[PDB]
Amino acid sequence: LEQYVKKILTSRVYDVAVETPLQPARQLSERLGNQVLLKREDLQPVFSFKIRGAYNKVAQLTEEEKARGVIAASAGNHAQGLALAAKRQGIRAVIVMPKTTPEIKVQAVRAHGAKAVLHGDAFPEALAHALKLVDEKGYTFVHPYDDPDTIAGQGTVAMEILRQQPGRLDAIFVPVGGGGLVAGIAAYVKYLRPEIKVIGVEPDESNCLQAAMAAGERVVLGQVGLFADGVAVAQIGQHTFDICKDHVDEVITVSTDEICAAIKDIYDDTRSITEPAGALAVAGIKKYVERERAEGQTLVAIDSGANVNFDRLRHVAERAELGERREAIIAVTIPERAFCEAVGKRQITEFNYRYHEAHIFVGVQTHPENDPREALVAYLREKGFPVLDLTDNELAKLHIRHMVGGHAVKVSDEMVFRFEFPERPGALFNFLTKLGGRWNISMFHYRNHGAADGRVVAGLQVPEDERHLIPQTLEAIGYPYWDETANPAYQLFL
């Protein structure tokens, strides 16, 4: 503990790692009734804290070891941290990573002038190749977490926090992979200000520290979740567990959806993007505040990293959206005797139908206080519309949203037209009103989840002898449109 603090105070991290802000999360603080502070380790040059530990380790090596070079086995944040650390020291770095590793992560490593050697289908094979090269070539292995110099480097995070928040500080929430970050933080905190709680946060699918603490030994998880890839570690480090077992107060676990909501919360207060591992701490805070009914506390989260691919953000946003209970999903039957009048100028997210008595799959923005869906449903029913409320129906939201269509047995004369219109309050209903009922609508699809342009496809029953009227009629509507009647995608599936 003393030994670790001395190493923290004499670390070399500031050759390349930077001091990061400890920022208030204003809206999250208001919601929770506690002062929430975000430690912005995402603002390190490699977009995670790992530059601290990797650099501190590399910098402590002998002139001889540095001459031979360093090696690691990693496809991720450690790889980048070590690569930059090596470049800063002017030494050669070899990073071994699985052949399956995505090309964008490979290039990120090579961008710092490290050699990325592609070997193995998974981490264990990569690791074994690296360890072989240690003996063959005399490279010094640099472990992602299980190394005293690494731990001490990560501990500089706590050194900063305690300097930045010298007053009240109830608890620090730390994501836990192999335990380097939390061990370094716990060492420093429990030495200087032991009244502060050090709380680990792990995914349900990767709770190696929580399980180890419960079992009192270093259990090996049967597998780890892929979502929180920053903390995909099956077994707690040895050097890290030796600190954690006594100096971490507890580990809270959180789910994928909790992580997704935390990513959005952080974005809403800071405009910064965290990777799943980087949002664990805020997710832990939210779960802790509810479990303890905490009020008036000062709670710190380590925003540990931001290395999440753009394509993952779509899914993150989809999952965080579910929490918000804005989107009502309702199935509306239209008698053969408006509807849009009752729904008004509300934001439509889904408006899907296919002739089989007429049923429409409707998604519509609502608000729990300002525009509750229950009143709208009752309103529509009282107007004589059969309505099913599918807002809590998982199949509806996950699947049926994408399944209204199919072939219709007895639609002849179906022609298919795609249209585009500028999005505006009432635009869809205005489109349908201008489209009119000169021909029967036998199919409709329309989705709007933050879309710029309104995009709709409609099937119309147009008798052969009225088809000459199509150009004129549709042009009169005033929107760009395309005749998709001969589109093979339409023919095969619809």
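Don't overthink the numbering: it's just position in the shown sequence, from 1.
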Can you count the deposited residues that have no coordinates between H356 and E357 and report it as none, 1 to 3, 4 to 9, or 10 or more?
1 to 3
Quick one: classify how much of the deposited chain lacks coordinates between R337 and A338, choosing none, 1 to 3, 4 to 9, or 10 or more.
4 to 9
Going by the average Cα B-factor in the PDB entry, point out whether 374-382 or 111-119 comes out higher.
374-382
Between the two ranges 234-242 and 132-140, the one averaging a larger CA B factor in the entry:
132-140
Say you rank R168, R319, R88, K99 by Cα B-factor from the PDB entry; which sits at the top?
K99
Checking the entry, which one of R314, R193, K345, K397 has the top C-alpha B factor?
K345
Split the chain's modelled residues into thirds by Cα B-factor; is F173 in the lowest, middle or highest one?
lowest
Sorting by Cα B-factor within the chain, modelled residues only, which third would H247 end up in: lowest, middle or highest?
middle
Sorting the chain's CA B-factors, does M213 end up in the lowest, middle or highest third?
middle
Record-listed C-alpha B factor of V387: chain third:
highest
By the entry's values, the third containing the CA B factor of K39 is the lowest
